[PDB]
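Q: Got a structure for you, written out below as structure tokens; questions coming shortly.
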Amino acid sequence: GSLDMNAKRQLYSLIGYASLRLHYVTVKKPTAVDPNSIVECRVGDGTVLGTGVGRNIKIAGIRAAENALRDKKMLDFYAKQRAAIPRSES
């Protein structure tokens, strides 16, 4: 499908923020019945910015991080947020 090389990396660069505490959640994984995995890039806000699927939690995570990363508006949203943060300790 539409998989990249450095999604979790690029994303982390794009949105990735100590305040956004973005992460990858595994909804599904490779199994005998279905050797596929699902992932959703959530954030400290408990909201899911991205969602990708792949053979494993990586390809999914990759696809997701990237997937969410593909979206600029959100990118510029989270970033703009970082700067638009009311209270920041880090």
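Simple scheme: letters A, B, ... for chains in structure tokens order, numbers from 1 for residues in each chain, numbers from 1 for ligands in the order shown.
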Could you give me, as JSON, numbers by chain, the residues within 12 Å of residue A:18, counting only C-alpha atoms and dropping anything in the same chain fewer than 4 positions from it?
A: {"A": [12, 13, 22, 23, 43, 44, 78, 79, 81, 82, 85, 88, 89, 90]}
Q: Could you save the residues just selected, with N, CA and C atoms, as an mmCIF file, in the first residue's frame?
A:
```
data_model
loop_
_atom_site.group_PDB
_atom_site.id
_atom_site.type_symbol
_atom_site.label_atom_id
_atom_site.label_comp_id
_atom_site.auth_asym_id
_atom_site.auth_seq_id
_atom_site.Cartn_x
_atom_site.Cartn_y
_atom_site.Cartn_z
ATOM 1 N N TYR A 12 6.927 12.512 14.153
ATOM 2 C CA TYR A 12 7.483 13.003 15.414
ATOM 3 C C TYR A 12 8.126 14.363 15.209
ATOM 4 N N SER A 13 8.688 14.541 14.029
ATOM 5 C CA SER A 13 9.319 15.799 13.669
ATOM 6 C C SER A 13 8.235 16.833 13.380
ATOM 7 N N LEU A 22 2.205 12.151 21.669
ATOM 8 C CA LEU A 22 1.629 11.292 20.644
ATOM 9 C C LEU A 22 2.183 9.878 20.795
ATOM 10 N N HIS A 23 1.384 8.876 20.447
ATOM 11 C CA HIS A 23 1.818 7.490 20.572
ATOM 12 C C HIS A 23 1.102 6.594 19.572
ATOM 13 N N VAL A 43 -2.800 10.927 20.965
ATOM 14 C CA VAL A 43 -2.043 12.008 21.581
ATOM 15 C C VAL A 43 -2.522 12.284 23.004
ATOM 16 N N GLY A 44 -1.655 12.904 23.801
ATOM 17 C CA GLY A 44 -1.990 13.212 25.181
ATOM 18 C C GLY A 44 -3.423 13.674 25.358
ATOM 19 N N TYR A 78 -1.224 20.919 15.679
ATOM 20 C CA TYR A 78 -0.504 20.469 16.849
ATOM 21 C C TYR A 78 0.661 21.398 17.132
ATOM 22 N N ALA A 79 1.451 21.686 16.103
ATOM 23 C CA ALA A 79 2.569 22.595 16.270
ATOM 24 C C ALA A 79 2.034 23.905 16.829
ATOM 25 N N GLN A 81 -0.278 24.523 18.258
ATOM 26 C CA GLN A 81 -0.712 24.269 19.620
ATOM 27 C C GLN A 81 0.486 24.417 20.550
ATOM 28 N N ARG A 82 1.522 23.637 20.260
ATOM 29 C CA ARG A 82 2.742 23.650 21.059
ATOM 30 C C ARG A 82 3.071 25.082 21.467
ATOM 31 N N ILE A 85 0.351 26.824 23.625
ATOM 32 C CA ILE A 85 0.154 26.090 24.869
ATOM 33 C C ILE A 85 0.017 27.047 26.049
ATOM 34 N N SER A 88 3.118 25.183 30.024
ATOM 35 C CA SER A 88 4.147 24.241 29.598
ATOM 36 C C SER A 88 5.274 24.166 30.624
ATOM 37 N N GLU A 89 5.604 22.949 31.043
ATOM 38 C CA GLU A 89 6.666 22.741 32.022
ATOM 39 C C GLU A 89 7.925 22.197 31.352
ATOM 40 N N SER A 90 7.741 21.503 30.234
ATOM 41 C CA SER A 90 8.861 20.930 29.498
ATOM 42 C C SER A 90 9.342 21.882 28.408
#
```
Q: Would you please give, as a CSV table (one decimal) with C-alpha atoms, in the first residue's frame, all residues of stretch 45-81 of chain A that DSSP assigns to strand (DSSP E) based on the backbone?
A:
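In the end it all went to result22.csv:
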```
chain,number,residue,atom,x,y,z
A,48,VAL,CA,-6.3,9.9,17.5
A,49,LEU,CA,-4.5,12.0,14.9
A,50,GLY,CA,-3.4,9.1,12.7
A,51,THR,CA,-4.3,5.5,11.9
A,52,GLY,CA,-2.3,3.0,9.8
A,53,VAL,CA,-2.5,-0.7,9.1
A,54,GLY,CA,0.4,-3.0,8.3
```
Q: Using DSSP on the backbone coordinates, identify the residues of chain A assigned to helix (DSSP H, G or I); present them as a short mmCIF file (atom, residue, chain, number, x, y, z; two decimals) with C-alpha atoms, in the first residue's frame.
A:
```
data_model
loop_
_atom_site.label_atom_id
_atom_site.label_comp_id
_atom_site.auth_asym_id
_atom_site.auth_seq_id
_atom_site.Cartn_x
_atom_site.Cartn_y
_atom_site.Cartn_z
CA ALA A 7 6.81 7.97 9.30
CA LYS A 8 7.11 7.81 13.09
CA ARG A 9 10.26 9.82 12.56
CA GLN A 10 8.93 12.40 10.14
CA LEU A 11 5.70 12.66 12.07
CA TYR A 12 7.48 13.00 15.41
CA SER A 13 9.32 15.80 13.67
CA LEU A 14 6.13 17.24 12.22
CA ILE A 57 2.38 -2.98 14.56
CA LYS A 58 5.26 -1.25 12.82
CA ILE A 59 4.01 -1.11 9.26
CA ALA A 60 0.72 -0.06 10.75
CA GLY A 61 2.36 2.46 13.04
CA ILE A 62 4.49 3.64 10.13
CA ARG A 63 1.48 4.01 7.85
CA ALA A 64 -0.40 5.74 10.67
CA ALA A 65 2.27 8.14 11.90
CA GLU A 66 2.75 9.04 8.28
CA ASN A 67 -0.96 8.96 7.53
CA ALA A 68 -1.59 11.49 10.28
CA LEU A 69 1.65 13.14 9.25
CA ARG A 70 0.32 13.53 5.70
CA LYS A 72 -0.68 19.39 7.31
CA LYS A 73 -3.61 21.18 8.91
CA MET A 74 -3.27 18.84 11.88
CA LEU A 75 0.50 19.21 11.71
CA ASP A 76 0.25 22.99 11.81
CA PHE A 77 -2.51 22.46 14.33
CA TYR A 78 -0.50 20.47 16.85
CA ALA A 79 2.57 22.60 16.27
CA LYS A 80 0.59 25.83 16.44
CA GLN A 81 -0.71 24.27 19.62
CA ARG A 82 2.74 23.65 21.06
CA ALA A 83 3.33 27.39 20.74
#
```
Q: Just the number, please: distance in Å from atom CA of residue A:17 to atom CA of residue A:41, one decimal.
A: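 For atom CA of residue A:17 relative to atom CA of residue A:41, the distance reads 12.9 Å.
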